[PDB]
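Single chain ahead, by itself, as C-alpha cells, in the form deposited without the named molecule.
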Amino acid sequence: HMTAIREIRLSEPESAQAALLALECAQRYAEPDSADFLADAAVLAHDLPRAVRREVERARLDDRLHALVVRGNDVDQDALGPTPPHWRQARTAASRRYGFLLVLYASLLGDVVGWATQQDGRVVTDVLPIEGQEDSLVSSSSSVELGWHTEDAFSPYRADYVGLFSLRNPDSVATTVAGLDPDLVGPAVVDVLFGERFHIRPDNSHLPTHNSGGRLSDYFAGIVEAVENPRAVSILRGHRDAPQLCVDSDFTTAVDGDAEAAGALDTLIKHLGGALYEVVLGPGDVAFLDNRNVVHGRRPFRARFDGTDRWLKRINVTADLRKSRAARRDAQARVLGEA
C-alpha cells in the first residue's frame, strides 16, 4: 500500500502551536504520565493543529498502516542538555516537554499504557544507548541490531501503537519496519500462521536486569510464567484480506513436534528479514508504528557515550484501555501487570 507510511511535515506555525500546548501541559502538571494529566490528555490532544489531527485520524482508521510519521516538532538541543547515560536518569526537567508532547500525539490514537516490568512501570520510557548494553537484545543496545518484533508480542495486552519521539539522532540511525503481504508467503503458509501453533516469550526488556533492583519479585511472576509455560498462540489473526501480525524474531518458536509450523515460521522470518525497511527519525520526528500490522527494530550504530548520543522517548497506545482492566490496579491506572 502506497500510504503504509503516512507523513505530515509540520509548518513553522503548527510546530510552534504543538510546542506551546506541550509547554502549557509542562507548566500545569508534574510528569508526562501524572494521573491528572493522563485523565485530561485525550481532550488536551484536541488542541493540537487541525491539519495534524485530520492526518492522525486518517492513519488511525487505516488498517494497512505501517507508521504515521509527524516531522518537524521543535526540539531546543541546547536547553535539552546531554543524553543521559541510563533510562533511570532520563526523566530530566529539560525533556519533560517532549514527554508531554508525545502523550498528546499518542492520545489522538488511543489511551497510553506502560508495563510493570519495563523501565519500572514508566508510561513515557526512554530509548538511548547504555554503556555495557552494546550487544544486548534490548532498546538500549547500539553495536548489535535491535532484532525485529511486535512490541510485547507475548502479551494479549500488547499495544495497538508504539510511539517514538526522536529528541536527537546525529548519525541518522534507522528504525526498521516490516509488514506481511499474505499474497507473497502463499495461502499455505498464511493458513499455518493463523493456527495456534507457536510460543511467543517475553523479550529481555521485561527481565529484572532491565528494571531497578528494588522492584517487587511479584511484578515479574507473569513474565516468568510467560517464559516458562508459553500459551500456544497464532502469528496471524483477523480478516484474511487484512490479517494482524504478532511475532518476535528472537523469542518465537513453533510448538514442539509441529514441523509444518516450524517451516512456516522459518519462511516468515526470511520474508520479514528481507522486506525490513528503514525509517530515520530526526530530532523532532514522532512515529506511531501500527503494532497490529508491523514488526520493528533498529539498525546497529556506534554510541559515543559523551552525552551526544541518539535519544528517543517511547510510549505504548491501546485502542481499548477497558479490555486490560484485569491487568491494571484500578480504572485510571495505566501500568499493565500491577494486577
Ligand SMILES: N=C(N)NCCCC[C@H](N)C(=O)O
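So that there is no doubt, residue numbering starts at 1 and follows the sequence shown.
A second form of this protein, the form solved in complex with the named molecule, is not displayed here; the remarks below concern that form.
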message: I need to confirm a contact call. Of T83, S95, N73, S139, which residue comes within 4.5 Å of the named molecule in the deposited complex, counting heavy atoms only?
response: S139
- prompt: Among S155, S249, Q133, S107, which has any heavy atom within 4.5 Å of the named molecule in the deposited complex?
  reply: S249
task: Verify the contact flag for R292: yes if a non-hydrogen atom of it lies within 4.5 Å of a non-hydrogen atom of the named molecule in the deposited complex, no if not.
output: no
field: Non-hydrogen atom contact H66 with the named molecule in the deposited complex at 4.5 angstroms
entry: no
- prompt: Quick one: is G147 in contact with the named molecule in the deposited complex, heavy atoms, 4.5 Å cut-off?
  reply: yes
- request: Mark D160 yes when one of its heavy atoms lies within 4.5 Å of a heavy atom of the named molecule in the deposited complex, and no otherwise.
  value: no
- line: Within 4.5 Å of the named molecule in the deposited complex, heavy atom basis, the matching stretch of 190-198, 241-249, 228-236, 95-103 is 241-249
query: Even though the chain is shown alone, can you say which residues of 289-324 have a heavy atom within 4.5 Å of the named molecule in the deposited complex?
result: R314
